[PDB]
Amino acid sequence: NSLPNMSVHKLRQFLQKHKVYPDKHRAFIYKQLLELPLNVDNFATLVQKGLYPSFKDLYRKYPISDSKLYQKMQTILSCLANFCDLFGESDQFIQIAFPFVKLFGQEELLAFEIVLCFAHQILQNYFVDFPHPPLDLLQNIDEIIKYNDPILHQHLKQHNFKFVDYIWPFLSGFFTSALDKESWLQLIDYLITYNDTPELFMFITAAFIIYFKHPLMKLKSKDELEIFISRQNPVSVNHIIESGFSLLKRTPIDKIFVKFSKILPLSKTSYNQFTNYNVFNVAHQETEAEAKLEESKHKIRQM
Amino acid sequence: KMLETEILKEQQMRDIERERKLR
Amino acid sequence: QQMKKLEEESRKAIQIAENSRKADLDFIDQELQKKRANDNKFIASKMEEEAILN
Amino acid sequence: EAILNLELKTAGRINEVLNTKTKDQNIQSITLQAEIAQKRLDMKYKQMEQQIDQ
Amino acid sequence: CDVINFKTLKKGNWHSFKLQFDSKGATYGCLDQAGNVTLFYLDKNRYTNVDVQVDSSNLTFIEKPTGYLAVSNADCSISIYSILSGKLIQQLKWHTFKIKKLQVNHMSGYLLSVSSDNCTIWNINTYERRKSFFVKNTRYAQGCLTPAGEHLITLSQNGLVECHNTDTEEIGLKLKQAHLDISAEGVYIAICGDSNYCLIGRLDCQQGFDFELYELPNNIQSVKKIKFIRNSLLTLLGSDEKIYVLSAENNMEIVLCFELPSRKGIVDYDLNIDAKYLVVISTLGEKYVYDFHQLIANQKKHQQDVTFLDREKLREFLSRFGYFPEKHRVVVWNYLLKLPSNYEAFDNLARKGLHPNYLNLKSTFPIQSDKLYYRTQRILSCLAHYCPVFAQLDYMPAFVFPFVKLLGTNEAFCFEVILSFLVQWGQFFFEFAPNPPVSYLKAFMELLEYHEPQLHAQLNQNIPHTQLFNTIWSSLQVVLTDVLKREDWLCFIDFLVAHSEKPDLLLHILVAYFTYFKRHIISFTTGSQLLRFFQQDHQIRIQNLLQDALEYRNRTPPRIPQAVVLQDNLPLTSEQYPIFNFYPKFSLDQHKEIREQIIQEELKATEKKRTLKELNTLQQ
Amino acid sequence: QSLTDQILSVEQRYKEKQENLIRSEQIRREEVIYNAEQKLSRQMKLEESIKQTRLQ
Amino acid sequence: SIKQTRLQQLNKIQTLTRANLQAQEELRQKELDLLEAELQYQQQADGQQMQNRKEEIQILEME
Amino acid sequence: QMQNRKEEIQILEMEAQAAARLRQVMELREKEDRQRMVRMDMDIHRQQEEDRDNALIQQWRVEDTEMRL
Amino acid sequence: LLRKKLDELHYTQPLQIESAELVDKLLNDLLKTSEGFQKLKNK
Amino acid sequence: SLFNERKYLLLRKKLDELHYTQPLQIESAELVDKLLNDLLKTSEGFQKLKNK
Amino acid sequence: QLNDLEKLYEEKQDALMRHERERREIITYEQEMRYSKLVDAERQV
């Protein structure tokens, strides 16, 4: 596997015109492009200690039926959760692990490391606070949008469409939430070279707005955001990603409120903890199976 | 505050466990 | 002159507001810890004798 | 005023350090207290398990 | 304290904040946060929770019986627009710069609209502009009409004041905000704004354009709203969010101030012409509706002792040639329907994977064609993917089929055509989802009455409402492919599309078939008879009937409260399709009055029994 | 530069709305789903019906 | 004019920032309590039934 | 102009102080709003435990019954 | 007529009459707090 | 909604520690927060002026 | 000039403008709660 004869430079154009991968072989395209600092040490540590009380997407708000997703996603969440507590509880960080195992995971290590690398390069400002979604990026997107056709905002603000309201489906609600399975289509394999942006996902989020001004300019009431949003309509993706990219080239950093660091989270001796995490407001989920088991037992004894 | 809380709250389990162990 | 009183004002604009608000935070935190202890005590002691008697 | 702004930017930089280092040390103290409160659990729980057996 | 809350009375984005009331007293309204306006009417005394799609700052009442009230929008245009019968009967676009003062002297009819550069007078019956007081650098802060008949009073940005008699000095306050009102008799002018004054001049201008700077008592620092009340009282809403009613005779002698617990202060207010009721709206959007006389009397007395192509060519073509063949149909309809050919939006509805809600269709539509039912599944599924309410309501294949069969040789076209069908034509079709769009169909049923009020009179007499709604809906669910003819129906669609400018015709045409048969409907008592009857292959003569229905549409005033009044939602957006409100959540009231009484009985009975089983303590 | 600084203050007051806007969803959604969890208390009412059944 | 311009920008930016923090104080606290209030308030209903528990338990203790 | 200037100069110099402290003030008020938001989130953690208490109540009734049965 | 003390103190609110029994403590606390406050600034 | 209760608590609680009697009609008490502060600040301002 | 014309004030005058309603509710706690206690206790004729 570790024979990197093909330059990522060849891939930079390939990835745009021929898209990115065989669904069953992308693992060896993706990691070459993202950079996963793999070694023999930490994952084993994270695997050995582990789980559990924070796991809301496992028989609480979400089920898992497939053992490649059950027994296995337990490892990715366990790792990420105990690597950094923020992943363990945060909703928008939980949602990255969810598809990384669904999409990879078999591939246990990679789904995990891929999540961490992604978190370090993209999700660095996707936190801002917690329970909160990234408030700062809801603002950073209005700044990029004002640059990229400000009339939309004048109109949205005029009718009290503020932050979150029309941004969150893709930004703050996590970037996979508003797109379908085969439509965001492992966007992470697609924006892997544009993680080196503030983020290109910001430009893209803006691109899921603006280019959507035709219907967004029809919003008069917030009632309509729910109508608009719950469809989780991917639209194109492809031409949104492309307009996002061209926006990068023509958008100087001067137009960007939130700064993103040059993160290349690689170490052969260490793995970086996500640091922007409100440690104080985490590590509280529940499961509490006995809450209901006792009714069964009560009835048995009463019976 | 929350840690000392959580701890003293956690140890109420140990008292519950004492009852469960008893039966 | 007022510029100097004004730089001094960071202390006279009351650094001690920090100390005061902090004191209020340290204080209220303890006040609420006591309220917690009370509610926790209600629960912590309400048990067990029947089971051990039985 | 050129001179006084020198002095009162310098005082400002000094206060940056004083206020943030004072707070840093105050949180180190609270932090250890809370962390120790966590570590004592694990110190106790070793015996809790032994006690649970009997 | 009568309280109106619109969050239940049409739950939506409200937080109502500015109240307005009419001079007939049966017409009401309010400006909500979005700039949307909700009107209300008495006479039927129906809640009429229907809005006006504006982005306004000012609702001004019009004496027209159904209002079509004048609304100053964010783009400074004036919409003459109701909810009763809906209909934006006139878009009186003219002004630029926010119209700040919009008012009408209904003594004769005379609309004043004040922008900072130009105060204009409009004549209501045509809304023509008759006079333009465009004055260089006035930067009118405000101005109003003196109802007496008639004066326009000018108040400049710089605090200067002058009057303009309609047949052709100062305050001195450089207010940023200024609010003016004039007494009913037209004898006082009262001005308030950023400063703490009840600035009184007389109109009756014994003062010229001079005003008395009466400082308001105590609590007023500045005001938010001014209104003359009942007789000679003046009411102000202070910046303290409290309302003070003062008596000009005694200057202040405040007669009233009372807002319910002060935790809910007042954002704005207005008086019903029948001054007995004043409604004030809280900062939380609560309308406190109350007897005003009673309230003044209460606080004042209580405290008393204290010390070819082209639509026109096509209309004739599709009438004289009749219909139109397939190889060219997409051109004619894309034109008539203003379709975007938003092929990217459509194609991405089509390819995601499995669509589980309609896998399935042969059980309701057992057409033995495994490629045609498939075509129906594909469009139908795209539509539900687009808007899932369409599967709730999984009846949709009822019309998706005849159109996919026809027009749906071209899928992108058919899909967009259908959105036009649901977006502008069938606007009420989803409002009682998942059930038949009954009230909604009341627009239709009333239309049956409007075209022939003998027929509808007998239909209600003979078929007991609910089933007729189901009968009509199933006809509107397809539409006339079952009714009239399987193939010759088409004339009505080419007709409706030629007349895509007139969405009301979807309903005028199904009406028209009822009105075609007349006496042959009258003897029927059930939907099973009418359904099959209308589906009988009777000879029609649709070229007469369609074209007569077009006239029927064009033969009535826009005063009809046809439940859902249709608007032109025909052009669709590019890239992605328009967001559209294909959703219910409306009240029918009566069955909840009933459920409510039932639940109270169920629970008091449960408690009496649980309570009675104190016997259990005594027994066990 | 004054504008840049004025701008930073203006930008921060928008963030202030973002905190309120986030709460407008975070509060509301967790609150309704854990109103749904209060029906588990209704299913605690269940036990009174059961105990009464045992008594009767 | 530059000074007045800068001064007005600061005057109103500073005035409104502060006026807004005050308007928002009302609104931000409401963002939490408007709903949390009902959750904790209505949950008194559980505390209320402790009385029924007292009686049933004693019925059963004595049975 | 040197005379009117005195007023213009003193006002910008103080207006600058409005900003000098507003920069400190916004950070302080933002802190307060934020801490009030945190307090909820931590209260919610306690509310999870409130639900645990009801689970304990059912457990207690079960034991009363199983111990007696 | 207790209103008047509040008005001079400028403590704006709609008032009760029907309120003596507490205005009488708390506003005297305001009028006098430490009156020496007014006198000390002069001193 | 009931934020006010968080402070009705806090404020009835603290005004009574200063031994005030409270004989009136009832209307949402989340407000003395600043009067306690104003009397206290005036009293403190006073002490500070006294010290000065 | 008055760069200090605002903010510090937000922790001032509300005092009693607002204590006036405080004056009505933190009262139930001592007087109504007392009112009905002493009046329902009228039973102790």
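Under the condition of being buried (at least 20 other Cβ atoms within 10 Å of the Cβ), outside any strand (DSSP E or B), within 37 Å of the chain's Cα centre (by Cα) and not polar (S, T, N, Q), the residues counted in segment E:178-223 number 1. Can you name every residue in segment G:26-48 that is surrounded by 15 or more Cβ atoms within 10 Å (Cβ to Cβ), closer than 17 Å to H:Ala55 by Cα and out of contact with any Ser or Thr (no Cβ under 8 Å at 6 or more places or on another chain)? Scanning segment G:26-48 gives a single hit, G:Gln43. Restricting A:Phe118, A:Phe93, A:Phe112 to those that are more than 14 Å from chain F (Cβ to nearest Cβ), over 29 Å from A:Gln139 (Cα atoms) and assigned to a helix (DSSP H, G or I) reduces the list to A:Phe112.
Is there a residue in segment J:31-52 that is more than 14 Å from chain G (Cβ to nearest Cβ), surrounded by fewer than 20 Cβ atoms within 10 Å (Cβ to Cβ) and not in a helix (DSSP H, G or I)? Yes. Within the span defined as segment C:28-44, every residue fails to be more than 10 Å from chain D (Cβ to nearest Cβ) and outside any helix (DSSP H, G or I). Per the listing H:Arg46, H:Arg39, H:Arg5, the residue uniquely under 26 Å from G:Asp46 (Cα atoms), more than 7 Å from every other protein chain (Cβ to nearest Cβ), loosely packed, with under 15 Cβ neighbours inside 10 Å and not hydroxyl-bearing (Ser, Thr, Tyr) is H:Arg39.
Within segment E:271-285, being surrounded by fewer than 21 Cβ atoms within 10 Å (Cβ to Cβ) and of a type outside the set (A, V, I, L, M) holds for E:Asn272, E:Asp274, E:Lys276, E:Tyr277, E:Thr283, E:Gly285. A Cβ distance below 8 Å, combined with a sequence gap of six or more or placement on separate chains, defines the contacts here; from segment E:122-151, residues that are acidic (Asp, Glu) reach residues that are part of a loop (DSSP other than H, G, I, E, B) in the pairs E:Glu150/E:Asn105; E:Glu150/E:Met107; E:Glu150/E:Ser108; E:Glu150/E:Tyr110; E:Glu150/E:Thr166. On inspection, F:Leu40 qualifies as surrounded by 13 or more Cβ atoms within 10 Å (Cβ to Cβ), within 30 Å of E:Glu614 (Cβ to Cβ) and at the interface with chain A (Cβ under 8 Å from one of its Cβ atoms).
Restricted to segment B:4-19, and to residues there that are surrounded by 14 or more Cβ atoms within 10 Å (Cβ to Cβ), over 19 Å from H:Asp64 (Cβ atoms) and acidic (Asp, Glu), the residue that is nearest to the other protein chains (Cβ to nearest Cβ) is B:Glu4. The set of residues in segment G:14-63 being part of a helix (DSSP H, G or I), within 14 Å of chain J (Cβ to nearest Cβ) and closer than 30 Å to F:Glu47 by Cα consists of G:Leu35, G:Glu36, G:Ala37, G:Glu38, G:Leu39, G:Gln40, G:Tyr41, G:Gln42, G:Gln44. On inspection, A:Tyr271 passes the criterion of being crowded, with 18+ Cβ neighbours inside 10 Å and farther than 30 Å from E:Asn569 by Cα. Taking the numbered list (1) more than 7 Å from every other protein chain (Cβ to nearest Cβ); (2) farther than 26 Å from H:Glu49 by Cα; (3) not acidic (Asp, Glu) in turn, F:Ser9 passes all entries but (1). Looking only at residues of segment E:213-229 that are within 18 Å of E:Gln142 (Cβ to Cβ) and not β-branched (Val, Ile, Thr), we find that the one that is nearest to the other protein chains (Cβ to nearest Cβ) is E:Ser222.
In segment E:83-101, the qualifying residues are those that are touching a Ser or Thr at 6+ places or on another chain (Cβ under 6 Å) and buried (at least 21 other Cβ atoms within 10 Å of the Cβ), and the one that is farthest from E:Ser23 (Cα to Cα) is E:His95. Considering segment E:517-573, the qualifying helices (runs of 4 or more DSSP H), each wholly inside and each with 2 or more residues that are under 30 Å from E:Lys64 (Cβ atoms), run over E:542-553.
Confirm whether A:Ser54 is surrounded by 20 or more Cβ atoms within 10 Å (Cβ to Cβ) and of a type in the set (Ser, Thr, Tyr). Yes: the conditions hold for A:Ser54.
Condition check ((1) small (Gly, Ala, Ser); (2) more than 23 Å from K:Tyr9 (Cβ to Cβ); (3) exposed (fewer than 12 other Cβ atoms within 10 Å of the Cβ)) across all residues:
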site	(1), (2), (3)
C:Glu9	no, no, no
C:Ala13	yes, no, no
C:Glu18	no, no, no
C:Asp24	no, no, yes
C:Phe42	no, yes, yes
C:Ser45	yes, yes, yes
C:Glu49	no, yes, yes
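Please find, within segment D:20-38, the residue that is farthest from the chain's Cα centre (by Cα) out of those that are charged (D, E, K, R) and more than 11 Å from chain B (Cβ to nearest Cβ). My answer is D:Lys21. If you filter segment I:1-30 down to residues that are more than 18 Å from J:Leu18 (Cβ to Cβ) and assigned to a helix (DSSP H, G or I), you find that the one that is nearest to the other protein chains (Cβ to nearest Cβ) is I:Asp7.
Just so you know, in segment E:153-177 the residues that are touching a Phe, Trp or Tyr at 6+ places or on another chain (Cβ under 7 Å) and of a type in the set (A, V, I, L, M) include one that is surrounded by the most Cβ atoms within 10 Å (Cβ to Cβ), and it is E:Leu155. Would it be correct to say that F:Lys51 is surrounded by 19 or more Cβ atoms within 10 Å (Cβ to Cβ), basic (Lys, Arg) and either over 30 Å from A:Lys299 (Cα atoms) or away from chain A (no Cβ under 11 Å) (or both)? Judged against the criteria, F:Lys51 is not a match. Please go through segment E:407-429 and give me each residue that is out of contact with any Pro (no Cβ under 7 Å at 6 or more places or on another chain) and aromatic (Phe, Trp, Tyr), ordered by number. Passing the criteria: E:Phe413, E:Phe415, E:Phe421.
So basically every Cβ, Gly included, is an ideal-geometry build from the backbone, and we count neighbours across all protein chains shown. None of the figures in this text is laboratory data; all of them are computed from the coordinates on show.
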